[PDB]
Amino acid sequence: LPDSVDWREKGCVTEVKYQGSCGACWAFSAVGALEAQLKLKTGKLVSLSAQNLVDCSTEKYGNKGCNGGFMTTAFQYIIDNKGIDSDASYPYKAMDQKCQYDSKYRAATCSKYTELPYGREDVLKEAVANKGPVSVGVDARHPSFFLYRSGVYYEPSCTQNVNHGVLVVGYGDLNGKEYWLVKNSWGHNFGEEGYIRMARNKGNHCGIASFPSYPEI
């Protein structure tokens, strides 16, 4: 495998989004993974509707909108629904709303998803290198995560209990300190202009490899 990967270089990553006061990280993580696949399949880079997931991938999928949800069950919604709308057609409002999906604004489909085995950072590396960005959960329940500005993030109090959905868009090392390149949805002023580099091959740090998944179109 390559020593480093950055899917932004390959035209497969959209602008960083801002979730605001709504806990829709799971929805942003899901759409980000699918956006990359859509680019690979069709050649178009298009922001997909996180709001569509918040509003429509709800109780039937075990999700709770602005109170949290699962990337995997979001993918299954898109499969079952035979589509997800563009962000442009179904923009983000940072609140729970009635489902407004319309197939006339469909921007992508999903045929399946794959959940990687628990805790295996080598398998996660392979998927990022060979398949695309991968949706993951991390333990973000520590002040240092909120305060993060730059460099490789390591939090000695981190656990493998994940609570925040993000997107692994690459990996590498900073003067030998290995990291995962993570796209967050806390806007362009969080961390490294919306990104955080999290410790890699440090014992599944913050549960980054606990629950990884990726969709296919």
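The first residue of the sequence shown is number 1, and the count goes up from there.
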Which of the two stretches, 29 to 37 or 154 to 162, shows the higher mean Cα temperature factor in the record?
-> 154 to 162
Mean Cα B-factor check, 94 to 102 vs 127 to 135, entry values; winner is 94 to 102
Top Cα B-factor in this entry, restricted to 182, 48, 54, 174, sits on 174
Among the modelled residues of its chain, the C-alpha B-factor of residue 69 falls in the third labelled middle
Grab the CA temperature factor for residue 170 from the record and place it in the lowest, middle or highest third of its chain.
-> lowest
If you rank every modelled residue in this chain by C-alpha B factor, which third holds residue 114: lowest, middle or highest?
-> middle
Report the third (lowest, middle or highest) to which the CA temperature factor of residue 81 belongs, ranking only the modelled residues of the same chain.
-> middle
Would you please rank residue 11 by its C-alpha temperature factor against the other modelled residues of its chain and give the third it falls in: lowest, middle or highest?
-> middle
